[PDB]
Number of protein chains: 2
Amino acid sequence: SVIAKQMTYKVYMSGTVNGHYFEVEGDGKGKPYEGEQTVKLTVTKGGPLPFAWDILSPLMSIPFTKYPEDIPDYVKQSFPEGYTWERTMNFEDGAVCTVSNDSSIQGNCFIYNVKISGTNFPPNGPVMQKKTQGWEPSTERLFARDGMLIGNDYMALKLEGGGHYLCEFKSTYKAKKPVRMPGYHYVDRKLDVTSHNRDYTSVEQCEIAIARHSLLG
Amino acid sequence: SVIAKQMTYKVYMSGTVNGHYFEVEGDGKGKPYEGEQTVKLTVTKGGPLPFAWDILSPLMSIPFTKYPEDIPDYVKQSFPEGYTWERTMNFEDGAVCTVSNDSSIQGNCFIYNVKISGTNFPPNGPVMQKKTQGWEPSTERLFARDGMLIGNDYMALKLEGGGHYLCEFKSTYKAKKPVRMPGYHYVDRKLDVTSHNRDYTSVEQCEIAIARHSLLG
């Protein structure tokens with residue numbers, strides 16, 4: 001097993017949202033087998049960002065998911081060779097982000113290369129007016145198809161003054177070598193911003209991610 | 001007590017799928033506060049149906065959901081006046097159904113009026129070829145907006161041979177008077193066809209439904 005009980009990672013993010021180019025670099029660590037991690041992000045280009053930080057936070061570490069012994073762990077099995085993923089984020093006011101990731105390993109250090117293209121955020125909307133206050137806890141539905149893992153997740157941003165702003169995640173995770181596939185299952189997650197400077201050009205995040213069966217049956 | 005701890009209901013369904021008209025009538029009973037119910041359905045017009053029974057099974061009973069004390073029960077509070085809902089079912093092969101419900105109560109019997117319009121089921125697809133083998137248990141994500149309950153569920157039909165046929169549920173539930181709105185939460189469900197005749201003109205189903213918060217602290 002190339003995945004130690006304690007691990008670090010580096011994330012390199014680049015892309016455009018509503019035509020605004022930026023780069024973010026991150027240093028993370030955690031306990032992959034406990035589904036616990038933390039990351040320090042720096043906006044290295046195009047900060048301060050003109051859009052809500054929250055739209056980037058779930059793009060900056062699926063090896064840090066607690067899997068029980070009876071549910072094959074697609075992502076961890078992929079190492080050392082690693083995996084890629086693609087994701088679409090469909091926001092309820094019509095905006096879309098497309099994201100691609102390539103993940104690899106270097107000693108005790110995962111390396112994530114992530115690219116985002118986001119468009120059609122209304123200038124009106126809570127993303128460009130920064131009215132978001134973090135994501136609700138969520139549950140990804142996962143199942144195996146043609147040797148890839150398909151993920152779906154109904155995510156929701158909390159809005160300044162009470163309501164929610166919805167975002168549908170669709171994810172395709174692809175190991176760079178075939179691995180043992182899981183059955184139909186779920187991952188419960190909780191993602192929080194745990195620190196920031198005033199303009200969110202320096203940010204830290206905590207995540208907890210635990211796989212499980214369906215609760216009923 | 002508006003809603004008794006042992007209740008019956010009557011379901012009246014009519015609609016069109018790929019232009020085929022049909023009517024279904026049901027007698028149900030269960031324990032609304034324990035999230036347990038059974039129903040006996042008869043296809044009274046247009047039988048035998050030329051499409052998989054499974055696409056109708058989740059359209060014929062949200063009063064029968066076990067809610068814990070701390071999560072407001074939107075649907076039970078709406079009685080005796082009742083509620084309406086609208087649901088879209090979006091299948092991954094481009095098939096779609098739109099559904100509308102109106103519900104009320106009469107003594108110890110709920111009355112459900114449901115109308116469905118479905119189309120675009122391909123002739124060699126699993127619905128028109130009757131290759132489906134029931135729904136996976138699922139989890140509906142619910143939250144409050146402008147006195148209404150918004151629900152989203154990532155559903156999956158099991159197929160002959162072992163894959164899945166995905167369907168996205170989007171639901172809007174509307175109480176007929178103002179009630180105490182719940183916070184963001186989940187309902188887990190398991191729906192089984194427990195008995196049927198060969199052409200599915202007589203069918204019995206069982207359902208379990210339980211509300212909760214996220215599993216993570």
# chains A, B, ... in the order shown; residues from 1 in each chain; ligands from 1
>>> calpha_fit_and_write(fixed="chain A", moving="chain B", output="PDB file with C-alpha atoms, in the first residue's frame")
ATOM      1  CA  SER B   1       0.688   0.073   1.870  1.00  0.00           C
ATOM      2  CA  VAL B   2       0.901   2.436  -1.166  1.00  0.00           C
ATOM      3  CA  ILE B   3      -1.065   5.151   0.659  1.00  0.00           C
ATOM      4  CA  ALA B   4       0.294   5.917   4.155  1.00  0.00           C
ATOM      5  CA  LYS B   5      -2.090   6.467   7.070  1.00  0.00           C
ATOM      6  CA  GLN B   6      -0.883  10.096   7.325  1.00  0.00           C
ATOM      7  CA  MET B   7      -0.527  11.877   3.991  1.00  0.00           C
ATOM      8  CA  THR B   8       0.052  15.334   2.492  1.00  0.00           C
ATOM      9  CA  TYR B   9      -0.932  16.737  -0.895  1.00  0.00           C
ATOM     10  CA  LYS B  10      -0.339  19.650  -3.225  1.00  0.00           C
ATOM     11  CA  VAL B  11      -3.153  21.131  -5.353  1.00  0.00           C
ATOM     12  CA  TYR B  12      -2.517  23.175  -8.519  1.00  0.00           C
ATOM     13  CA  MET B  13      -5.709  24.867  -9.782  1.00  0.00           C
ATOM     14  CA  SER B  14      -6.164  27.179 -12.758  1.00  0.00           C
ATOM     15  CA  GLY B  15      -9.252  28.315 -14.608  1.00  0.00           C
ATOM     16  CA  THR B  16     -11.687  31.003 -15.672  1.00  0.00           C
ATOM     17  CA  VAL B  17     -15.029  32.018 -14.102  1.00  0.00           C
ATOM     18  CA  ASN B  18     -17.115  34.585 -16.100  1.00  0.00           C
ATOM     19  CA  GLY B  19     -13.921  35.174 -18.095  1.00  0.00           C
ATOM     20  CA  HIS B  20     -11.738  35.994 -15.029  1.00  0.00           C
ATOM     21  CA  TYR B  21      -8.506  33.949 -14.949  1.00  0.00           C
ATOM     22  CA  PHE B  22      -6.926  32.765 -11.685  1.00  0.00           C
ATOM     23  CA  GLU B  23      -4.573  30.225 -10.174  1.00  0.00           C
ATOM     24  CA  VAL B  24      -4.698  28.682  -6.707  1.00  0.00           C
ATOM     25  CA  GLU B  25      -2.085  26.528  -4.905  1.00  0.00           C
ATOM     26  CA  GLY B  26      -2.755  24.380  -1.827  1.00  0.00           C
ATOM     27  CA  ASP B  27      -0.929  22.365   0.827  1.00  0.00           C
ATOM     28  CA  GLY B  28      -3.149  19.673   2.399  1.00  0.00           C
ATOM     29  CA  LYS B  29      -2.693  16.898   4.939  1.00  0.00           C
ATOM     30  CA  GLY B  30      -4.841  14.230   6.585  1.00  0.00           C
ATOM     31  CA  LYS B  31      -5.697  10.639   7.424  1.00  0.00           C
ATOM     32  CA  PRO B  32      -6.921   9.049   4.192  1.00  0.00           C
ATOM     33  CA  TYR B  33      -8.329   5.928   5.890  1.00  0.00           C
ATOM     34  CA  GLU B  34     -10.231   8.030   8.510  1.00  0.00           C
ATOM     35  CA  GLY B  35     -11.816  10.370   5.876  1.00  0.00           C
ATOM     36  CA  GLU B  36     -10.251  13.538   7.505  1.00  0.00           C
ATOM     37  CA  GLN B  37      -8.309  16.309   5.788  1.00  0.00           C
ATOM     38  CA  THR B  38      -7.366  20.010   5.940  1.00  0.00           C
ATOM     39  CA  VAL B  39      -5.885  22.268   3.254  1.00  0.00           C
ATOM     40  CA  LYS B  40      -4.361  25.763   3.172  1.00  0.00           C
ATOM     41  CA  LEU B  41      -5.051  27.546  -0.153  1.00  0.00           C
ATOM     42  CA  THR B  42      -3.458  30.667  -1.623  1.00  0.00           C
ATOM     43  CA  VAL B  43      -4.800  32.514  -4.662  1.00  0.00           C
ATOM     44  CA  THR B  44      -1.478  32.980  -6.486  1.00  0.00           C
ATOM     45  CA  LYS B  45      -2.816  34.649  -9.680  1.00  0.00           C
ATOM     46  CA  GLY B  46      -5.925  36.795 -10.368  1.00  0.00           C
ATOM     47  CA  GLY B  47      -6.680  37.698  -6.708  1.00  0.00           C
ATOM     48  CA  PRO B  48      -8.897  39.054  -5.181  1.00  0.00           C
ATOM     49  CA  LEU B  49     -11.428  36.784  -6.920  1.00  0.00           C
ATOM     50  CA  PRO B  50     -14.597  38.681  -7.961  1.00  0.00           C
ATOM     51  CA  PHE B  51     -16.805  35.595  -7.231  1.00  0.00           C
ATOM     52  CA  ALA B  52     -17.741  33.617  -4.095  1.00  0.00           C
ATOM     53  CA  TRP B  53     -14.889  31.365  -2.847  1.00  0.00           C
ATOM     54  CA  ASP B  54     -17.580  28.697  -2.090  1.00  0.00           C
ATOM     55  CA  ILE B  55     -17.841  27.688  -5.816  1.00  0.00           C
ATOM     56  CA  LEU B  56     -14.177  26.509  -5.731  1.00  0.00           C
ATOM     57  CA  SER B  57     -14.058  24.934  -2.226  1.00  0.00           C
ATOM     58  CA  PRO B  58     -15.309  21.438  -3.299  1.00  0.00           C
ATOM     59  CA  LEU B  59     -12.677  21.275  -6.089  1.00  0.00           C
ATOM     60  CA  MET B  60      -9.652  21.358  -3.674  1.00  0.00           C
ATOM     61  CA  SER B  61      -9.419  15.264  -2.420  1.00  0.00           C
ATOM     62  CA  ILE B  62     -11.246  11.926  -2.865  1.00  0.00           C
ATOM     63  CA  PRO B  63      -8.349   9.726  -1.551  1.00  0.00           C
ATOM     64  CA  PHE B  64      -9.363  11.014   1.970  1.00  0.00           C
ATOM     65  CA  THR B  65     -12.604   9.050   2.329  1.00  0.00           C
ATOM     66  CA  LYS B  66     -13.164   6.481   5.101  1.00  0.00           C
ATOM     67  CA  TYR B  67     -14.289   3.253   3.361  1.00  0.00           C
ATOM     68  CA  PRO B  68     -15.444   0.237   5.420  1.00  0.00           C
ATOM     69  CA  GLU B  69     -13.669  -3.086   4.695  1.00  0.00           C
ATOM     70  CA  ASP B  70     -16.543  -4.597   2.635  1.00  0.00           C
ATOM     71  CA  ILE B  71     -16.859  -1.630   0.169  1.00  0.00           C
ATOM     72  CA  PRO B  72     -14.014  -1.528  -2.377  1.00  0.00           C
ATOM     73  CA  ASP B  73     -12.202   1.845  -2.317  1.00  0.00           C
ATOM     74  CA  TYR B  74     -12.015   2.706  -6.048  1.00  0.00           C
ATOM     75  CA  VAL B  75      -9.756   5.755  -5.549  1.00  0.00           C
ATOM     76  CA  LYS B  76      -7.167   4.277  -3.120  1.00  0.00           C
ATOM     77  CA  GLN B  77      -6.761   1.147  -5.308  1.00  0.00           C
ATOM     78  CA  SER B  78      -5.833   3.345  -8.311  1.00  0.00           C
ATOM     79  CA  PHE B  79      -2.485   4.346  -6.743  1.00  0.00           C
ATOM     80  CA  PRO B  80       0.301   4.706  -7.278  1.00  0.00           C
ATOM     81  CA  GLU B  81      -0.747   5.301 -10.935  1.00  0.00           C
ATOM     82  CA  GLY B  82      -3.665   7.538  -9.751  1.00  0.00           C
ATOM     83  CA  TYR B  83      -6.921   8.707 -11.363  1.00  0.00           C
ATOM     84  CA  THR B  84      -8.645  11.467 -13.330  1.00  0.00           C
ATOM     85  CA  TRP B  85     -12.132  12.881 -12.887  1.00  0.00           C
ATOM     86  CA  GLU B  86     -14.484  15.217 -14.767  1.00  0.00           C
ATOM     87  CA  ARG B  87     -17.255  17.099 -12.915  1.00  0.00           C
ATOM     88  CA  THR B  88     -20.090  19.377 -14.063  1.00  0.00           C
ATOM     89  CA  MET B  89     -21.604  21.810 -11.544  1.00  0.00           C
ATOM     90  CA  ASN B  90     -25.109  22.967 -12.665  1.00  0.00           C
ATOM     91  CA  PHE B  91     -26.496  25.849 -10.535  1.00  0.00           C
ATOM     92  CA  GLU B  92     -30.273  26.490 -10.434  1.00  0.00           C
ATOM     93  CA  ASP B  93     -29.854  30.073 -11.909  1.00  0.00           C
ATOM     94  CA  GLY B  94     -28.264  28.525 -15.071  1.00  0.00           C
ATOM     95  CA  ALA B  95     -24.598  29.055 -14.066  1.00  0.00           C
ATOM     96  CA  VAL B  96     -22.335  26.099 -14.919  1.00  0.00           C
ATOM     97  CA  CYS B  97     -18.769  24.993 -14.222  1.00  0.00           C
ATOM     98  CA  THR B  98     -16.877  22.165 -15.876  1.00  0.00           C
ATOM     99  CA  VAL B  99     -13.926  20.789 -13.914  1.00  0.00           C
ATOM    100  CA  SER B 100     -11.184  18.323 -14.759  1.00  0.00           C
ATOM    101  CA  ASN B 101      -8.703  16.708 -12.351  1.00  0.00           C
ATOM    102  CA  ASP B 102      -5.557  14.611 -12.828  1.00  0.00           C
ATOM    103  CA  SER B 103      -4.027  13.069  -9.674  1.00  0.00           C
ATOM    104  CA  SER B 104      -0.844  11.127  -8.895  1.00  0.00           C
ATOM    105  CA  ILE B 105       1.426  10.398  -5.895  1.00  0.00           C
ATOM    106  CA  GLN B 106       5.069  11.230  -4.975  1.00  0.00           C
ATOM    107  CA  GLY B 107       6.236   9.463  -1.789  1.00  0.00           C
ATOM    108  CA  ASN B 108       3.808  10.593   0.974  1.00  0.00           C
ATOM    109  CA  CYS B 109       2.326  13.499  -1.142  1.00  0.00           C
ATOM    110  CA  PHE B 110      -0.602  13.329  -3.607  1.00  0.00           C
ATOM    111  CA  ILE B 111      -0.402  15.857  -6.495  1.00  0.00           C
ATOM    112  CA  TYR B 112      -3.732  17.274  -7.776  1.00  0.00           C
ATOM    113  CA  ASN B 113      -3.982  19.148 -11.104  1.00  0.00           C
ATOM    114  CA  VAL B 114      -7.418  20.804 -11.470  1.00  0.00           C
ATOM    115  CA  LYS B 115      -8.749  23.010 -14.290  1.00  0.00           C
ATOM    116  CA  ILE B 116     -12.120  24.846 -14.061  1.00  0.00           C
ATOM    117  CA  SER B 117     -14.183  26.758 -16.662  1.00  0.00           C
ATOM    118  CA  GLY B 118     -17.266  28.407 -15.107  1.00  0.00           C
ATOM    119  CA  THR B 119     -19.745  30.784 -16.732  1.00  0.00           C
ATOM    120  CA  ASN B 120     -23.255  32.327 -16.666  1.00  0.00           C
ATOM    121  CA  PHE B 121     -23.159  33.553 -13.030  1.00  0.00           C
ATOM    122  CA  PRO B 122     -25.622  36.491 -13.117  1.00  0.00           C
ATOM    123  CA  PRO B 123     -24.157  39.816 -11.964  1.00  0.00           C
ATOM    124  CA  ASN B 124     -26.821  40.200  -9.195  1.00  0.00           C
ATOM    125  CA  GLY B 125     -26.754  36.463  -8.276  1.00  0.00           C
ATOM    126  CA  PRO B 126     -25.415  35.133  -4.954  1.00  0.00           C
ATOM    127  CA  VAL B 127     -22.022  34.079  -6.426  1.00  0.00           C
ATOM    128  CA  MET B 128     -21.011  37.444  -7.970  1.00  0.00           C
ATOM    129  CA  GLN B 129     -22.615  39.325  -4.985  1.00  0.00           C
ATOM    130  CA  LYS B 130     -20.769  36.995  -2.504  1.00  0.00           C
ATOM    131  CA  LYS B 131     -23.972  36.153  -0.548  1.00  0.00           C
ATOM    132  CA  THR B 132     -23.124  32.422  -0.010  1.00  0.00           C
ATOM    133  CA  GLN B 133     -22.378  31.030   3.495  1.00  0.00           C
ATOM    134  CA  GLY B 134     -20.899  27.553   2.833  1.00  0.00           C
ATOM    135  CA  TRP B 135     -22.299  24.217   1.562  1.00  0.00           C
ATOM    136  CA  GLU B 136     -24.776  21.978   3.362  1.00  0.00           C
ATOM    137  CA  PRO B 137     -23.244  18.593   4.129  1.00  0.00           C
ATOM    138  CA  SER B 138     -24.167  16.281   1.215  1.00  0.00           C
ATOM    139  CA  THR B 139     -24.349  12.685   0.031  1.00  0.00           C
ATOM    140  CA  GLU B 140     -22.842  11.530  -3.247  1.00  0.00           C
ATOM    141  CA  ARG B 141     -24.519   8.504  -4.903  1.00  0.00           C
ATOM    142  CA  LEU B 142     -21.805   6.326  -6.604  1.00  0.00           C
ATOM    143  CA  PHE B 143     -21.994   3.250  -8.853  1.00  0.00           C
ATOM    144  CA  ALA B 144     -19.827   1.328 -11.296  1.00  0.00           C
ATOM    145  CA  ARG B 145     -19.989   1.542 -15.099  1.00  0.00           C
ATOM    146  CA  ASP B 146     -17.374   0.209 -17.611  1.00  0.00           C
ATOM    147  CA  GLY B 147     -14.519   0.344 -15.009  1.00  0.00           C
ATOM    148  CA  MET B 148     -15.452   3.947 -14.051  1.00  0.00           C
ATOM    149  CA  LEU B 149     -17.189   5.422 -10.986  1.00  0.00           C
ATOM    150  CA  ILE B 150     -20.247   7.666 -11.636  1.00  0.00           C
ATOM    151  CA  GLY B 151     -21.197  10.103  -8.889  1.00  0.00           C
ATOM    152  CA  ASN B 152     -24.214  12.361  -8.446  1.00  0.00           C
ATOM    153  CA  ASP B 153     -24.660  14.825  -5.563  1.00  0.00           C
ATOM    154  CA  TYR B 154     -27.487  17.309  -4.863  1.00  0.00           C
ATOM    155  CA  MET B 155     -25.552  20.195  -3.319  1.00  0.00           C
ATOM    156  CA  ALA B 156     -26.933  23.397  -1.686  1.00  0.00           C
ATOM    157  CA  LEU B 157     -25.186  26.684  -0.806  1.00  0.00           C
ATOM    158  CA  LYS B 158     -26.612  28.494   2.235  1.00  0.00           C
ATOM    159  CA  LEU B 159     -27.558  32.159   1.550  1.00  0.00           C
ATOM    160  CA  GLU B 160     -27.491  35.359   3.603  1.00  0.00           C
ATOM    161  CA  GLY B 161     -31.112  35.527   4.899  1.00  0.00           C
ATOM    162  CA  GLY B 162     -31.743  31.746   5.160  1.00  0.00           C
ATOM    163  CA  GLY B 163     -32.603  30.168   1.774  1.00  0.00           C
ATOM    164  CA  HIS B 164     -30.546  27.792  -0.421  1.00  0.00           C
ATOM    165  CA  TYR B 165     -28.850  28.084  -3.852  1.00  0.00           C
ATOM    166  CA  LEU B 166     -28.931  24.630  -5.437  1.00  0.00           C
ATOM    167  CA  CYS B 167     -26.167  22.983  -7.480  1.00  0.00           C
ATOM    168  CA  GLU B 168     -26.206  19.530  -9.061  1.00  0.00           C
ATOM    169  CA  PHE B 169     -22.842  17.705  -9.196  1.00  0.00           C
ATOM    170  CA  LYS B 170     -22.304  15.019 -11.860  1.00  0.00           C
ATOM    171  CA  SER B 171     -18.884  13.359 -11.577  1.00  0.00           C
ATOM    172  CA  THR B 172     -16.999  10.644 -13.529  1.00  0.00           C
ATOM    173  CA  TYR B 173     -13.920   9.102 -11.773  1.00  0.00           C
ATOM    174  CA  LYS B 174     -11.417   7.055 -13.880  1.00  0.00           C
ATOM    175  CA  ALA B 175      -8.713   4.891 -12.315  1.00  0.00           C
ATOM    176  CA  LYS B 176      -5.503   4.704 -14.408  1.00  0.00           C
ATOM    177  CA  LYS B 177      -5.583   0.886 -14.196  1.00  0.00           C
ATOM    178  CA  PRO B 178      -8.308  -1.729 -13.555  1.00  0.00           C
ATOM    179  CA  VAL B 179      -9.409  -2.076  -9.887  1.00  0.00           C
ATOM    180  CA  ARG B 180     -12.027  -3.966  -7.857  1.00  0.00           C
ATOM    181  CA  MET B 181     -15.318  -2.126  -8.527  1.00  0.00           C
ATOM    182  CA  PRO B 182     -17.582  -1.256  -5.602  1.00  0.00           C
ATOM    183  CA  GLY B 183     -21.322  -1.864  -5.620  1.00  0.00           C
ATOM    184  CA  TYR B 184     -23.914   0.915  -5.479  1.00  0.00           C
ATOM    185  CA  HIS B 185     -23.122   3.137  -2.448  1.00  0.00           C
ATOM    186  CA  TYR B 186     -22.938   6.592  -0.831  1.00  0.00           C
ATOM    187  CA  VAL B 187     -20.300   8.996   0.446  1.00  0.00           C
ATOM    188  CA  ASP B 188     -21.461  11.576   3.036  1.00  0.00           C
ATOM    189  CA  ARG B 189     -19.353  14.736   3.224  1.00  0.00           C
ATOM    190  CA  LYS B 190     -19.090  17.902   5.288  1.00  0.00           C
ATOM    191  CA  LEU B 191     -16.827  20.717   4.007  1.00  0.00           C
ATOM    192  CA  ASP B 192     -16.126  23.849   6.095  1.00  0.00           C
ATOM    193  CA  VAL B 193     -14.033  26.986   5.548  1.00  0.00           C
ATOM    194  CA  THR B 194     -12.268  27.190   8.947  1.00  0.00           C
ATOM    195  CA  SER B 195     -10.181  30.341   8.357  1.00  0.00           C
ATOM    196  CA  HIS B 196      -9.829  33.042   5.707  1.00  0.00           C
ATOM    197  CA  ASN B 197      -8.572  36.575   5.092  1.00  0.00           C
ATOM    198  CA  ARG B 198     -10.999  39.302   4.064  1.00  0.00           C
ATOM    199  CA  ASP B 199     -10.626  38.909   0.252  1.00  0.00           C
ATOM    200  CA  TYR B 200     -10.261  35.075   0.358  1.00  0.00           C
ATOM    201  CA  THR B 201      -6.704  35.068  -1.131  1.00  0.00           C
ATOM    202  CA  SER B 202      -5.678  32.861   1.858  1.00  0.00           C
ATOM    203  CA  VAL B 203      -8.137  30.132   2.945  1.00  0.00           C
ATOM    204  CA  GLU B 204      -8.138  27.005   5.103  1.00  0.00           C
ATOM    205  CA  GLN B 205     -10.775  24.281   4.691  1.00  0.00           C
ATOM    206  CA  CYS B 206     -11.622  21.055   6.570  1.00  0.00           C
ATOM    207  CA  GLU B 207     -13.426  18.058   5.152  1.00  0.00           C
ATOM    208  CA  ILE B 208     -14.877  14.791   6.465  1.00  0.00           C
ATOM    209  CA  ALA B 209     -15.936  12.025   4.008  1.00  0.00           C
ATOM    210  CA  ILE B 210     -17.350   8.541   4.868  1.00  0.00           C
ATOM    211  CA  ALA B 211     -18.620   5.789   2.509  1.00  0.00           C
ATOM    212  CA  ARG B 212     -21.573   3.480   3.307  1.00  0.00           C
ATOM    213  CA  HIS B 213     -24.560   1.456   2.053  1.00  0.00           C
ATOM    214  CA  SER B 214     -28.178   2.600   2.320  1.00  0.00           C
ATOM    215  CA  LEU B 215     -29.226   2.979   6.007  1.00  0.00           C
ATOM    216  CA  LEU B 216     -32.281   0.622   5.582  1.00  0.00           C
ATOM    217  CA  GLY B 217     -32.052  -3.211   6.042  1.00  0.00           C
TER     218      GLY B 217
END
>>> select_by_dssp(residues="range 152-215 of chain B", states="strand (DSSP E or B)", output="MDAnalysis selection string")
chainID B and resid 152:159 164:175 185:196 202:212
>>> write_last_selection(atoms="N, CA and C atoms", output="compact mmCIF listing (two decimals), in the first residue's frame")
# COMPACT_ATOMS: atom_id res chain seq x y z
N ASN B 152 -35.30 16.60 -4.15
CA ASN B 152 -34.45 16.07 -5.24
C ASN B 152 -34.00 14.68 -4.82
N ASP B 153 -34.13 13.72 -5.72
CA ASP B 153 -33.75 12.32 -5.46
C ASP B 153 -33.08 11.76 -6.70
N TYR B 154 -31.94 11.13 -6.51
CA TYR B 154 -31.19 10.42 -7.57
C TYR B 154 -31.61 8.97 -7.51
N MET B 155 -32.53 8.59 -8.39
CA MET B 155 -33.13 7.25 -8.37
C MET B 155 -32.42 6.35 -9.38
N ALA B 156 -32.50 5.03 -9.21
CA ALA B 156 -31.88 4.06 -10.13
C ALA B 156 -32.75 2.81 -10.22
N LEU B 157 -33.20 2.47 -11.42
CA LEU B 157 -33.83 1.15 -11.68
C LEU B 157 -32.73 0.11 -11.90
N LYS B 158 -32.90 -1.04 -11.27
CA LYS B 158 -32.06 -2.23 -11.53
C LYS B 158 -32.51 -2.85 -12.86
N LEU B 159 -31.54 -3.34 -13.63
CA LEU B 159 -31.77 -3.97 -14.95
C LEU B 159 -31.46 -5.45 -14.90
N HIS B 164 -27.68 -0.38 -14.04
CA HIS B 164 -28.70 0.56 -13.53
C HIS B 164 -29.20 1.46 -14.65
N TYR B 165 -30.44 1.89 -14.53
CA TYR B 165 -31.09 2.87 -15.44
C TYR B 165 -31.48 4.06 -14.59
N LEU B 166 -30.78 5.18 -14.77
CA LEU B 166 -30.88 6.29 -13.81
C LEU B 166 -32.06 7.19 -14.15
N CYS B 167 -32.63 7.76 -13.10
CA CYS B 167 -33.76 8.70 -13.16
C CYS B 167 -33.60 9.74 -12.06
N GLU B 168 -33.68 11.00 -12.45
CA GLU B 168 -33.59 12.12 -11.51
C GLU B 168 -35.02 12.54 -11.18
N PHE B 169 -35.37 12.54 -9.89
CA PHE B 169 -36.64 13.13 -9.43
C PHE B 169 -36.40 14.56 -8.96
N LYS B 170 -37.22 15.48 -9.47
CA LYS B 170 -37.36 16.85 -8.89
C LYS B 170 -38.81 16.99 -8.46
N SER B 171 -39.03 17.34 -7.20
CA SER B 171 -40.40 17.43 -6.66
C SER B 171 -40.62 18.80 -5.99
N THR B 172 -41.83 19.33 -6.13
CA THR B 172 -42.27 20.52 -5.35
C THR B 172 -43.55 20.15 -4.59
N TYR B 173 -43.53 20.26 -3.27
CA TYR B 173 -44.69 19.92 -2.40
C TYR B 173 -45.27 21.23 -1.85
N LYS B 174 -46.60 21.38 -1.93
CA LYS B 174 -47.28 22.65 -1.55
C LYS B 174 -48.45 22.38 -0.62
N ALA B 175 -48.26 22.74 0.63
CA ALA B 175 -49.30 22.63 1.67
C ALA B 175 -50.42 23.59 1.30
N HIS B 185 -33.10 18.66 5.16
CA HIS B 185 -33.06 17.28 5.67
C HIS B 185 -33.23 16.23 4.56
N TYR B 186 -33.28 14.98 4.99
CA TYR B 186 -33.37 13.82 4.07
C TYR B 186 -34.51 12.90 4.44
N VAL B 187 -35.08 12.27 3.43
CA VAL B 187 -35.98 11.11 3.64
C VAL B 187 -35.38 9.92 2.90
N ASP B 188 -35.02 8.85 3.62
CA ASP B 188 -34.66 7.56 2.99
C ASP B 188 -35.91 6.73 2.74
N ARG B 189 -35.93 6.07 1.59
CA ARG B 189 -37.08 5.24 1.19
C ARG B 189 -36.60 3.92 0.62
N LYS B 190 -37.45 2.93 0.77
CA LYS B 190 -37.33 1.62 0.11
C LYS B 190 -38.73 1.19 -0.35
N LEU B 191 -38.87 0.95 -1.63
CA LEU B 191 -40.16 0.64 -2.28
C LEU B 191 -39.97 -0.69 -2.99
N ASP B 192 -40.83 -1.65 -2.66
CA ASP B 192 -40.82 -3.01 -3.22
C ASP B 192 -42.20 -3.41 -3.76
N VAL B 193 -42.21 -3.98 -4.94
CA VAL B 193 -43.38 -4.75 -5.45
C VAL B 193 -43.37 -6.13 -4.79
N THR B 194 -44.38 -6.41 -3.98
CA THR B 194 -44.42 -7.62 -3.13
C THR B 194 -45.27 -8.70 -3.80
N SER B 195 -46.11 -8.34 -4.76
CA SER B 195 -46.98 -9.34 -5.39
C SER B 195 -47.54 -8.73 -6.65
N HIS B 196 -47.68 -9.55 -7.68
CA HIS B 196 -48.22 -9.06 -8.97
C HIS B 196 -48.65 -10.24 -9.81
N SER B 202 -52.83 -6.28 -11.68
CA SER B 202 -53.01 -6.31 -10.21
C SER B 202 -51.64 -6.35 -9.55
N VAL B 203 -51.40 -5.42 -8.64
CA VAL B 203 -50.04 -5.21 -8.05
C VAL B 203 -50.20 -4.82 -6.59
N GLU B 204 -49.32 -5.35 -5.76
CA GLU B 204 -49.19 -4.87 -4.37
C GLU B 204 -47.77 -4.36 -4.17
N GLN B 205 -47.67 -3.22 -3.50
CA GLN B 205 -46.36 -2.62 -3.16
C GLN B 205 -46.26 -2.37 -1.65
N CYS B 206 -45.04 -2.33 -1.16
CA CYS B 206 -44.72 -1.94 0.23
C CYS B 206 -43.72 -0.81 0.20
N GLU B 207 -43.86 0.10 1.14
CA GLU B 207 -42.87 1.20 1.22
C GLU B 207 -42.56 1.49 2.68
N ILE B 208 -41.30 1.81 2.90
CA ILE B 208 -40.76 2.39 4.16
C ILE B 208 -40.15 3.75 3.86
N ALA B 209 -40.41 4.75 4.70
CA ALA B 209 -39.88 6.11 4.52
C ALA B 209 -39.58 6.75 5.89
N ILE B 210 -38.38 7.26 6.07
CA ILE B 210 -37.87 7.79 7.36
C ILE B 210 -37.12 9.08 7.06
N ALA B 211 -37.45 10.15 7.78
CA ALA B 211 -36.76 11.45 7.72
C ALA B 211 -35.61 11.51 8.72
N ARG B 212 -34.64 12.37 8.43
CA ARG B 212 -33.43 12.53 9.27
C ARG B 212 -32.62 13.75 8.82
>>> select_by_dssp(residues="chain A", states="alpha helix (DSSP H)", output="number ranges by chain")
A: 74-77
>>> write_last_selection(atoms="N, CA, C and O atoms", output="tab-separated table (two decimals), in the first residue's frame")
chain	number	residue	atom	x	y	z
A	74	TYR	N	-12.37	2.47	-4.66
A	74	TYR	CA	-11.94	2.70	-6.05
A	74	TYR	C	-10.69	3.57	-6.05
A	74	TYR	O	-9.66	3.18	-6.61
A	75	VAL	N	-10.75	4.72	-5.40
A	75	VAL	CA	-9.69	5.75	-5.54
A	75	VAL	C	-8.38	5.23	-4.94
A	75	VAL	O	-7.35	5.31	-5.60
A	76	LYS	N	-8.39	4.76	-3.70
A	76	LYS	CA	-7.13	4.29	-3.07
A	76	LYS	C	-6.53	3.14	-3.88
A	76	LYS	O	-5.30	3.13	-4.05
A	77	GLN	N	-7.35	2.23	-4.41
A	77	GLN	CA	-6.79	1.10	-5.19
A	77	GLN	C	-6.03	1.64	-6.40
A	77	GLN	O	-5.17	0.91	-6.89
